[PDB]
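Colleague:
Chains as they are written, first to last, in PDB author numbering: chain P, 111 to 164; chain B, 111 to 164.
1. Starting from residue 119 (chain B) and walking both ways along the beta strand (DSSP E), at which residues does that stretch end?
2. Using a Cβ-Cβ distance under 9 Å, would residue 114 (chain P) count as near chain B?
3. For residue 128 (chain P), which beta-bridge partners are listed by DSSP?
4. Report the residue from P:148, P:137, P:117 whose alpha carbon sits nearest the alpha carbon of residue 126 (chain P).
5. Is it true that the CB of residue 163 (chain B) sits closer than 9 Å to the CB of residue 114 (chain P)?
6. Can you give me, in chain order, the residues of the stretch 149-161 of chain B that have a beta carbon less than 7 Å from any beta carbon in chain P?
7. Spell out a yes or no on whether the stretch 143-151 of chain B and the stretch 116-130 of chain B are touching, meaning 3 or more CB-CB pairs, one atom from each, closer than 8 Å.
8. How far does the beta strand (DSSP E) with residue 112 (chain P) in it reach, from first residue to last?
The structure is reproduced here in structure tokens:
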């Protein structure tokens, strides 16, 4: 909206590898991570000055 | 009951001796006394564990 500062996009990375099965073995677990991506808004300006004789 | 600690058994000893009957003779009387014996309770515990593959 020309006054906002940043635009943000989310990314999620899952995680987890299988393990061989065992009745009394430890249960492996899956998980995930999340990062956010910011792009800054740049405002440029340009002007003019005009005179009567010009 | 399973959630008990002791079991009590009572023994009653009675007493009394008969006499010859008379209309105006004083009446003999019987009586009793009681004793108790207590035995503690022991709980045994045993279990099993079964896996899906097993």
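For each residue, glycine too, the CB sits at the ideal point set by N, CA and C.
Modeller: In brief:
1. To locate residue 119 (chain B), count along the second chain from 1; it is residue 9. First-last of the beta strand (DSSP E) with residue 119 (chain B): 116-125.
2. One-based indexing of the first chain puts residue 114 (chain P) at position 4. So no, residue 114 (chain P) is outside the interface.
3. Translated into positions along the first chain, residue 128 (chain P) becomes position 18. Answer is none; residue 128 (chain P) lacks a bridge partner.
4. One-based indexing of the first chain puts residue 126 (chain P) at position 16. Minimum Cα distance to residue 126 (chain P) is reached at P:137.
5. Along the first chain, one-based indexing puts residue 114 (chain P) at 4. Along the second chain, one-based indexing puts residue 163 (chain B) at 53. No, the Cβ-Cβ distance between residue 114 (chain P) and residue 163 (chain B) is not below 9 Å.
6. 161
7. yes
8. Along the first chain, read from residue 1 onward, the residue named residue 112 (chain P) stands at position 2. Run containing residue 112 (chain P): none; DSSP gives neither H nor E here.
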